[PDB]
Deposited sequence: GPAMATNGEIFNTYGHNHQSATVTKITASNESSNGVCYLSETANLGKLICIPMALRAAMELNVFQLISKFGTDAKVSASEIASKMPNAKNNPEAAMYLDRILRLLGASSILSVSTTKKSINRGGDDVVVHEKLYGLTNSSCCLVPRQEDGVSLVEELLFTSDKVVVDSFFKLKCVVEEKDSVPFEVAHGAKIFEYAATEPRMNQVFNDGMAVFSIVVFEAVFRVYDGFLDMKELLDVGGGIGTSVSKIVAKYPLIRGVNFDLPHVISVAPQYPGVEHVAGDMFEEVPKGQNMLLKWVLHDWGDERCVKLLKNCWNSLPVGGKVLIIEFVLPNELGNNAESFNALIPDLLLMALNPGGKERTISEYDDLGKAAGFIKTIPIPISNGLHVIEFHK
């Protein structure tokens, strides 16, 4: 029990992420690549390619103090050239924050959500979800309910959307590459489909696809016109349209076990025998490593527990436990990437 290591070892748990979130906020990773592939610059250099830092002499040293920490975290590479300066360079998990040449996707939007003040405020009240009966960290921490806050609070809406959005562009691109069980299907229906996007994209790698979008009236009300897509409003708990194969990306984790039955029922009772409710979650591995498949589950099981804790991420066991108790012959799960599955529930 060496306290003065257990310090620097637990003391950094809070620092690393808020140092990171400042690099992002200051668009460091971008400005670094606007210098070349496998490159290396001083904070002095990066504080020059920064607009709001004109007329703050300390800009360069203060920045060097942040980057040193990321550079020590591995979240950045670092090297010193001959009067000796610290020069900075990108990494694997650090290029994943350079916005792409074409479409602009990055984890920036995803990571600014996770590390967002609204969220952390909500984390700071986790304690409660154990202690109090039904308490919601989010609710305990803020005026009232999440949809209430988010209505009356534009920038919280921006960040929760922009995150789940870039993170979809990425969660999907690798649904493509692996899974190809989209072509012995002509018709597909997105239950809790959002405003299409999911299908919009699908019915464009598979143009021979009857793209249907099912969500709440107020959602589809806003929802734009994708060629491929026909939209449908309802309450998937009361009844789901008819369709061949159906799609449930990030619906089942928002919902309890009983409410996951009642949905999957209505999903079957409107599926032709031969079609399948496709389920796209991050799956909770049964033994939990430092394994990314283990953090890709745990991270959201937390965010759920903080903002909507009636939610839950599940083991592949726990998902066929559902597929079955609805009434589904198969339950044939396809590993995709680092914990992202397509559990298939067959009727």
| property | result |
| --- | --- |
| Deposited-sequence ranges lacking C-alpha coordinates, in sequence order | 1 to 35, 118 to 128 |
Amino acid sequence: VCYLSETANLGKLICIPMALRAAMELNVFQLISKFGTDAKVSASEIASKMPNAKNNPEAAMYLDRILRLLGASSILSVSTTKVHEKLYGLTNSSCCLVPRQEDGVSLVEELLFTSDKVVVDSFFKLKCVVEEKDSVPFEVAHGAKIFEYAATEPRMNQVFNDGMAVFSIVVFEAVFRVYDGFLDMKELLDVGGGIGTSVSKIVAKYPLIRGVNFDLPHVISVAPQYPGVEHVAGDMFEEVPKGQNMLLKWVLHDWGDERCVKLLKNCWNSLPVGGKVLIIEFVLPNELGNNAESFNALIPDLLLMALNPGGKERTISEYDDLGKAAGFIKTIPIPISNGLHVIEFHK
From here on, numbers count along this sequence of modelled residues.
{"item": "Between 161 to 169 and 270 to 278 (mean CA B-factor, as deposited), the higher", "value": "270 to 278"}
{"item": "237 to 245 versus 151 to 159 - which carries the larger mean C-alpha B factor in the record", "value": "237 to 245"}
{"item": "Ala141, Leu126, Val108, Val83, ranked by C-alpha B-factor: the highest one", "value": "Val83"}
{"item": "Criterion, highest CA B-factor; candidates, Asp190, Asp121, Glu131, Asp184", "value": "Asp184"}
{"item": "Chain thirds of CA B-factor: placement of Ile146", "value": "lowest"}
{"item": "Chain-wide C-alpha B factor ranking for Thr197, given as lowest, middle or highest third", "value": "middle"}
{"item": "For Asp180, the third of its chain into which the C-alpha B factor falls", "value": "highest"}
{"item": "Chain third (lowest, middle, highest) by recorded CA B-factor, residue given as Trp255", "value": "middle"}
{"item": "Record-listed C-alpha B factor of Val232: chain third", "value": "lowest"}
